[PDB]
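If you read the protein sequences in the order shown, they are chains A, B, C and D.
Numbers 68 to 154, taken from the working numbering, label the letters of the first sequence in order.
Numbers 358 to 1007, taken from the working numbering, label the letters of the second sequence in order.
Numbers 60 to 661, taken from the working numbering, label the letters of the third sequence in order.
Numbers 109 to 198, taken from the working numbering, label the letters of the fourth sequence in order.
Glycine is no exception: its CB is placed at the ideal position from the N, C-alpha and C atoms.
What follows is a short report on a single structure.
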Amino acid sequence: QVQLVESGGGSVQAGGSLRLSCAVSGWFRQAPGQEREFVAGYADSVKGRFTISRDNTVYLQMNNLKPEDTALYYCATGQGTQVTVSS
Amino acid sequence: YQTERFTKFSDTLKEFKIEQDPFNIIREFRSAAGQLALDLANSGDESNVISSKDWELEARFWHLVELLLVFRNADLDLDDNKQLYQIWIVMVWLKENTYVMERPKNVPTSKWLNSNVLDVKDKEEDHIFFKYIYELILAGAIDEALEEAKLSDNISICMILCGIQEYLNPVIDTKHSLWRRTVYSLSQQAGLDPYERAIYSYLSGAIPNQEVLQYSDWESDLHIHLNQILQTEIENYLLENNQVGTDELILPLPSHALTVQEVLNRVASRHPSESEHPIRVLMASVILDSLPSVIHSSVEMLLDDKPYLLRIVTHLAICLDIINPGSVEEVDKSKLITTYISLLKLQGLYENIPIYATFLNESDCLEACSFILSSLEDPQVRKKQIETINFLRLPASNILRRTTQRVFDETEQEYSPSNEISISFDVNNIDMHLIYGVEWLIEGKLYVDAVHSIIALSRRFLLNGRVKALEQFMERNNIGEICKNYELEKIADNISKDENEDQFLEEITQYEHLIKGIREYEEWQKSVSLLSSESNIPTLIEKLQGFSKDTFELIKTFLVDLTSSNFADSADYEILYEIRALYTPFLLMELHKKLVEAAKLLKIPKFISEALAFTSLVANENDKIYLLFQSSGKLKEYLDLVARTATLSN
Amino acid sequence: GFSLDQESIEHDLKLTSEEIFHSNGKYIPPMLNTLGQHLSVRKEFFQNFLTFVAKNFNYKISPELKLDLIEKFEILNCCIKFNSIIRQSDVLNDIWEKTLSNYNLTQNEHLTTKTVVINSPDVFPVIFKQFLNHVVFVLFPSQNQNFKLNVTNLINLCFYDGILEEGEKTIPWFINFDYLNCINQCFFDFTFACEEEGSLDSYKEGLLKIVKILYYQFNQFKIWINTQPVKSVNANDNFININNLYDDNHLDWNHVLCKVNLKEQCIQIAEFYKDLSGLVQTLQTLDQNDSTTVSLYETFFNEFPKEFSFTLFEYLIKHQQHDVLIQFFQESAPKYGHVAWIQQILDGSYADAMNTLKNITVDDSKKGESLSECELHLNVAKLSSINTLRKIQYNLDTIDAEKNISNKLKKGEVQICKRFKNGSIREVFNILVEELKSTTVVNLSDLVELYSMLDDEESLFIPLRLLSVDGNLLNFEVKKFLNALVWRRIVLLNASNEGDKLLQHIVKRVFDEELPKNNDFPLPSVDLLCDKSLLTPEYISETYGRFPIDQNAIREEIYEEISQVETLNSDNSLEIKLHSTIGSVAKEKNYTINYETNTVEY
Amino acid sequence: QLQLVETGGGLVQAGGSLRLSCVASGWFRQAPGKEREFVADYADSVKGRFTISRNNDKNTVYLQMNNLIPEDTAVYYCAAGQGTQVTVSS
C-alpha cells in the first residue's frame, strides 16, 4: 500500500513562480477537458522554465509560469494539486 | 590491451562458449576493471586518476552482483527465511571493500606529554587514536581491531569487542535481549567523542546525531538503514521467539522494518550530488530486474552519453537471458542486441562472434545478421573470423544473399539514363566490394544464387563506358570455381537440369569472349605508333590484329545467337539482345583505325576497307544480322563509316 | 552617205599605207638596206593620227570594220623585225626565205619569193604554217635547244600583236578569219618545246622552261577567246563542215594540251591565267584542284572566289564531301552510277534505294566491280528494312552464284567440258576465266551464260535452282532455251557414261530441296528439249552480243548441238528414260505428275 | 602503508604438499590468463584438500595444501598481498 502526497499548488499571475513538492507519505498535468500529458526528461512546453529534482521525493520548481500551464498537476512513481496561472 | 576494454570483456565471453560452471561469466568482470584502475596507479602520471576513478568503482559492483545471482539459483539439495539473507549479502560488500586510514605515525610513548591539565592538542591526539579505532571496527577488522585495541592501551574499547564476539556467537546460532537496550541508553549520555558516539549506535541499530553524519559519506550513509533492520528483525523474531522474556525487555524497539525502496528514498536525499551517481544506482535495479529502463531514458532529451553503462547493461542481458531463460525482456533483448552491435562500431572487427551467444530471434530472422553486409569490404581478417562461433549453412546463405540483394535497390538510378552518360565512379568503386562476399563464400552448392549478379548489371552499362567489362576482370580474379561448381552440381538432385546448366555455361563463354575483346581492343589502341620505323614486326602484328578481329566478330555473333529463338525463359533473351547489339560497330572502326595511324603505310587501305565493307554484306544472310540496329539505334552510323572509303580507296 | 565617202578615202589611204608599210617612195631604197622598220614606224605614227581624228565617228559596223582593217597591216610589220633577228641568224633565215621562195613559185608562181610584200603579203601565214609542218621532220630532227633556241624567237615575234588591241580601245566573218587558220599549226609549237621538256635535264632547264612558259600561256589563253566569239557570231554549225572539223578537232586537242601545260607551270601562274582568261574552266580547275596543296590558306580564298561556278559543280566528278553540302550531289547531278551509294548522304534516301536498284539495272549494261553493288545491294536492302521480292531474289541468286562460280572457276575443281574441241564458236571459256580473275567477277553480267559451261556434273547441277528461284527476269523462251541446253548436255554425258547415271542425282536434288512447291518448275520432255522454235537471229544477237564472232558460226554450233540429240533420240527413247525416272523418284515423295501442262504437283 | 608479507609458495609435483603462511605486516588465486577466484568458506575445487587456519585474535592466515594437482598452479594473493607463486607439475 503506497502512492504520493503533493503540496505547493496554488494560483499565481503570469510570469510568477511556484514550487510543487511531492513525497510518498505515511510529474504529469491535466488541463480542463484535455488529456493528461507528461511534464517531467521534460516536455517541450516546459523545457527551460521548469526544473525537476529528487532527493521517494520529487520537486518541480515552476518558473515563468504562463496561462498554458494552468492545470491539475499529479505526482507519480497523487490526488492532484491545482496550479492556476492568470493572464 | 588496457586501452581495449571491450576486447578484454570479449575474451572472457569466448572462454565460456568453448566450455559449452556457469558462474564464471561475471567473475571475469573483476579482472578487467581492476587491472585498468591499477594501470593508472602503479606507474605513470597522477592526473590519470580523473579516469581511473571510474574504473575504481565499476569493479566493486561486479563483486556485489556475484553473490545475489548464486543465492537465488544454486539451491543444492543438501542436508528458512529467504528474504532476510539479502542483508548478509549486503554486509559482505559493505565491510570488506571500504576505506581505511592507516595506523597513525609518531604515536606518543607515555601519556600526556604536554602536561583540564591537558592542552587543546591532547584531546585531539586522543581523538586521533579514537577515529583510527572507530573506523577499523566498522569494516569487520576484529582480527585487526582486537590487536589494535590492546596495542594502544585502548582498553575502554575492548569491553564491546567480546560483547560483539558474544553477539557473533549468537548470530552463528541464528540471553541478550536486554543488552540491546543499554547501549542505546548509553548513546543518550553526555561525555563521548563524536567517533565513539556513532560506534555505539551502529552496532545496535539506532540513529546517532546528525553532526556525525555530516562527515559521513552518502555511500557509507547506507549502513544506517541496514543495521536498524537487523536490530529490529531480530528483535521481531527475537520478540516472536521471546527468548529473554517480557521482563528482559526494557524499552520498545521499532520492530517495523521497511523495504528497500523506502530506504533508498533517504540515502539519495542526504547526499544526492554523489549518492545518485550512475555507477552506484545500478544495485537497486538488480533487485528489480528492469534492464532497458535506465539507458533508453537518455535518448529523449537530445537538447542537452556514458560508454561504461552500455557495456554492462548489454553484457547483463547475455547473462540475464542465460541465468533465467527470458529474464531480460524480449523487447529489451533485441533492443540490447541491436544497440550493442551499433555502438560496437570502433570495436566491431573482433566482436563479430560474441553477438551470437544471444542469437534469440534477431539472428534466426534477418535482423541482426544483415549488419555485417556493411563493413566486410577489402580486409580478409574479418571475413575469416566469422567462420567460427558455430555458424554456417542457412546463415551463410542468408548473409551472402543479403549482401547482393541489399545493393541491387541502390542501383535503381543506374537504369534511368537509357540515352545519356552518368557518374559511374561510385559504381566503379563500391561494386568492387560487392563481389568479395560471394568470392569468400567458397561453396560449390551455393553458386547458382551468385553467378547471375554480374549479368544483372549489363543493362546498367548502357552507352559509353560499360561496367560489365570491368566486372569481367573481377571474375578473372577468382576463376577456377567454375570447376568447383560443375563438380558439386552433380551432388544434389535437380529436375530442370536441361536448362540450368546451359545458362551458366553459356554466360561464361560470352563473358570470357567479352573480356578477350576488351583486351584485344586495348592492345591495338595502345599500339598507336609502336615499333617506330621498324614496322616489319608490325607488318605481321597488324596482320594478326586484323585476323584475330575478323575472326572474333564472326565468333561473337554465333555465341549470342546460340540461344536459338523460341525459349520459355525469354526474359534472359530480351536482356542479352542489347549487349550483342552493342559490340558490333566498335569492330569496323578498328580496321578503319588503320587509316589514321597505319595510313602512313598504304597497306591497310585495300585491306581494312573491303574487310569492313562486306562486314555488313554477310550480315544480311543470318536474318540481316538480326536487327542490332533495332536494339541500339546504330543504322546510319554504319552507313557513313563505310561510305568514307570512296575518297581514299580511289 | 558621208561615212561611206570617208570610208572610201580611208581605204585608198590603207592601200597606200600597205605599200608604205612594206616600201616607201620618198625614202631611198638603195640607201642602206630594206627599211622595213621605218616603213612600219611610218604607219605606226599615222595610226595615232587615224585614232585621234576618228574619235567616236562610229556608224553601224564601219568603225569595227576599220579597226579590223587596221590589224591587216599593223600585224605583218612585226615580222620583218624577226627577219632582222633571223638576218642575225642568217643561215636559218636564208634557208627559210629560199624555202618560202619555192613555196610561192609552186603555190602562186610570181617569180618565187621577192620581198616586195605586194598586196600585204597575206601568204606569210601560209608560209609560216608550211614551215611549222616541215619543222616536225627538220627540227624534230634537230635538238631541243636548237629547235628550242629557235622556237623562242617565233614565240616572241608572235607575242607582239596583242599590245595594239589594248591601244585601239577594242570594244563580221573577216574578223573571225583574220587569225584562225594558224590554229591549224600553232598546236605544233608547245609540244615541240615541251616534248623535249628540259632536254632530259631539269636541274638546269627549270629556268629555261620558266622563261618560256610566258609565250605558251599568252598564245593559248588569248587565241582561245576567238573561237567562241566567232562561233556565236558566225553560226556556221549547220553548214559546219571543214571549218567546224578543223575548229572542233583542234579545240578538243587543244583542251587536252592546255591542261597538261597548266599542270607543268610555275606557282599560281595557271591560277592567274584561270582567273584572267574565262575559258577552259575544266582545265583551269584541273590545275586548280589542289595540285599544289590542301592548305586552307590559299585554297579557301580560291574556292570561295569561284562564286558563279556552276561549272565547278561538274568539277566534283573527277575523283571528299566538302563545300557546305553543295546543294546535295550538285542538285543530285543526273545519272549517278556509283556516286549513288555515296548519295546515301546519312539518310535513308529513296534515290539511294533506287540507286541499288539502279545498280542492278546498271549491271544490265557495261558494268564493273559488282562487289560494291553486291555488298551495297544487300546494304540497301537493309536500309529499306513488288520490287522488294524481286530485289531480294536478285541479291541472293546473283551473289551466291557469282561467289560459287568464281570459287569453282579459280578453284578449277571441275576440270573440263569434254566435248568442245578446236571451235571458234565458243571463246566463253577464256572470257569467263578473265571475268573470274578480277573486278568482282567483272561485275558478272552473263550469269545466264556462266552455267552453260559444264565440266563436272556436280558443278553443272545447280543452274536449274537459280532458274526456278529468280528466273522471273528473262522471257519464257530464254528460260526454256537455258533448260534445254542443260538437258542436252546431260543427255550427251549420260549416253556416254554407261547407264545414264547423271539424271539419278538431279531428279532427287530437285525434290529433296522442295523446289516444286516454291517453283512452278516446267517439266522437261523430248519435245521441250528438241524445240528449235526459239531460234531467231534477234535472240542470238541479244544473247551472244559480247563476242564479235559471226552469228553463222554460233548458229551452226547450236544446230549441231540440237541435231545430235534430235538424231540420237531414236524411237524417242529419252522420253521414257525421263518419265520412268522422275516418276519413280517423286513417288513416295509428296509429288504427282501433272500431265495437263507438264509440271509437278503434290 | 599497511603491508601483507606472504611466503611459502613454490614448485611441487602432482600429489605433493605446501604450506602458505601470510603475515599481515599491519586467500584468493589467479591462474595464468584467468580472473582472480576465491580459494579460502572453501572453493568447490579445493574443498577437502586445502585447509585454512588463523591464530585467534591475530592477523595471520595459514593455508595447508595437500594433494596438489596441475589445476592449482597459479599466483596466490592474500586479502583481509603482492602474490606468491604455487606451481604443480604434472
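Step through the CB atoms of chain A and report whether any lies within less than 8 angstroms of the CB of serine 654 (chain B).
yes
Give me, in chain order, the residues of the same chain whose beta-carbon lies closer than 7 angstroms to that of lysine 663 (chain B); leave out the 5 immediate sequence neighbours on both sides.
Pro635
Among B:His672, B:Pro629, B:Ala398, whose alpha-carbon lies nearest the alpha-carbon of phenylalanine 366 (chain B)?
Comparing Cα positions, the closest option is B:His672.
Helix, strand or coil at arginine 816 (chain B) according to DSSP, with G and I counted as helix
Here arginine 816 (chain B) sits in coil by DSSP.
Residues near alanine 412 (chain C) in its chain [Cβ-Cβ closer than 8 angstroms; skip 5 each side]
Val439, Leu442, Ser443, listed in sequence order.
Given a threshold of 16 other Cβ atoms within 10 Å of its Cβ, counted over all protein chains shown, does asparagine 405 (chain B) qualify as buried or as exposed?
exposed
Report yes or no: is there a C-beta of chain B within less than 8 angstroms of the C-beta of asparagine 502 (chain C)?
No, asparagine 502 (chain C) lies away from the interface with chain B (no Cβ there is under 8 angstroms from its Cβ).
Along chain B, which residues have their Cβ under 8 angstroms away from the Cβ of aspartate 165 (chain D)?
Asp500, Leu503, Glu504
When you compare the CB of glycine 156 (chain D) with every CB in chain B, is at least one pair closer than 8 angstroms?
No - not a single Cβ of chain B is within 8 angstroms of the one on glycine 156 (chain D).
Give the straight-line distance between the Cα atoms of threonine 866 (chain B) and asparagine 446 (chain C), rounded to the nearest whole angstrom.
Approximately 42 angstroms, taken between the alpha carbons.
Are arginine 86 (chain A) and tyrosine 140 (chain A) touching if we call contact CB-CB under 8 angstroms?
no
DSSP three-state label for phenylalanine 964 (chain B), please.
helix
6 angstroms CB neighbourhood of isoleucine 743 (chain B) in its chain, flanking five on each side removed:
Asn709
Would you mind giving the Cβ-Cβ distance between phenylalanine 95 (chain A) and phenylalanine 105 (chain A), rounded to the nearest angstrom? I have them listed as a contact below 8 angstroms.
Indeed, because the Cβ distance is near 5 angstroms, the residues count as touching under 8 angstroms.
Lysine 155 (chain D) by DSSP, collapsed to three states: which one?
strand
Give, in chain order, every residue of the stretch 453-487 of chain B whose Cβ lies closer than 9 angstroms to some Cβ of chain D.
Sequence-ordered contacts of the stretch 453-487 of chain B with chain D read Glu453, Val457, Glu459, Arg460 [C-beta pairs closer than 9 angstroms].
Is there a C-beta anywhere in chain A that falls below 8 angstroms from the one on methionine 640 (chain B)?
no
Length of the line joining the Cα atoms of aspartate 788 (chain B) and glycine 683 (chain B):
C-alpha separation (whole angstroms): 41 angstroms.
Pick out whichever of B:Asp500, B:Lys468, B:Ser732 has its Cα sitting closest to the Cα of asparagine 164 (chain D).
B:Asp500
Residue range of the beta strand (DSSP E) that includes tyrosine 995 (chain B)
Premise fails: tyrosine 995 (chain B) lies in the alpha helix (DSSP H), 993-1000, not in any beta strand (DSSP E).
Show which residues of chain B have a CB atom less than 9 angstroms away from the CB atom of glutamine 452 (chain C).
Here the premise fails: no neighbours, minimum Cβ distance about 14 angstroms.
If you measure between the beta carbons of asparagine 130 (chain A) and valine 91 (chain A), is that distance less than 8 angstroms?
no
Could you please tell me which residues of the stretch 380-406 of chain C, in chain order, have their CB closer than 9 angstroms to any CB of chain B?
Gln380, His397, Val398, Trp400, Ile401, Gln403, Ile404, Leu405, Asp406
Taking Cβ positions, are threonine 174 (chain C) and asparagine 163 (chain C) nearer each other than 8 angstroms?
no
Assign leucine 85 (chain A) to one of three DSSP states: helix, strand, or coil.
strand
Among the residues of its own chain, which have a CB less than 7 angstroms from the CB of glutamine 111 (chain D), if the five just before and after it don't count?
Sequence-distant partners of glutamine 111 (chain D) (beyond 5 residues in either direction) whose C-beta falls short of 7 angstroms from its own C-beta, in its chain, are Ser133, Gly134.
Mark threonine 914 (chain B) as exposed unless 16 or more other C-beta atoms lie within 10 angstroms of its C-beta, in which case mark it buried.
buried
How would you write the range of the beta strand (DSSP E) that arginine 162 (chain D) sits in, first residue to last?
It is not in any beta strand (DSSP E) - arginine 162 (chain D) carries neither H nor E in the DSSP assignment.
Members of the stretch 661-686 of chain B near chain D, C-beta cut-off 8 angstroms
none
Taking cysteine 142 (chain A) as the reference, which of A:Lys114, A:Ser78, A:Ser120, A:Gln101 has the closest Cα?
Ranked by Cα distance from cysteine 142 (chain A), the first of A:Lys114, A:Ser78, A:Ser120, A:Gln101 is A:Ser120.
Using DSSP with H/G/I as helix, E/B as strand and the rest coil, what is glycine 837 (chain B)?
coil
Separation of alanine 122 (chain D) from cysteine 186 (chain D), as counted between CA atoms
24 angstroms
Assign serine 558 (chain B) to buried or exposed, taking buried as 16 or more other Cβ atoms, counted over all protein chains shown, within 10 Å of its Cβ.
buried
Can you say whether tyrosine 109 (chain A) is buried or exposed, counting buried as having 16 or more other CB atoms within 10 angstroms of its CB?
buried
Label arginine 758 (chain B) either buried or exposed according to how many other C-beta atoms from any shown protein chain fall within 10 Å of its C-beta, with 16 as the threshold for buried.
buried
Could you give the first and the last residue of the continuous beta strand (DSSP E) run that contains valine 150 (chain A)?
148-153
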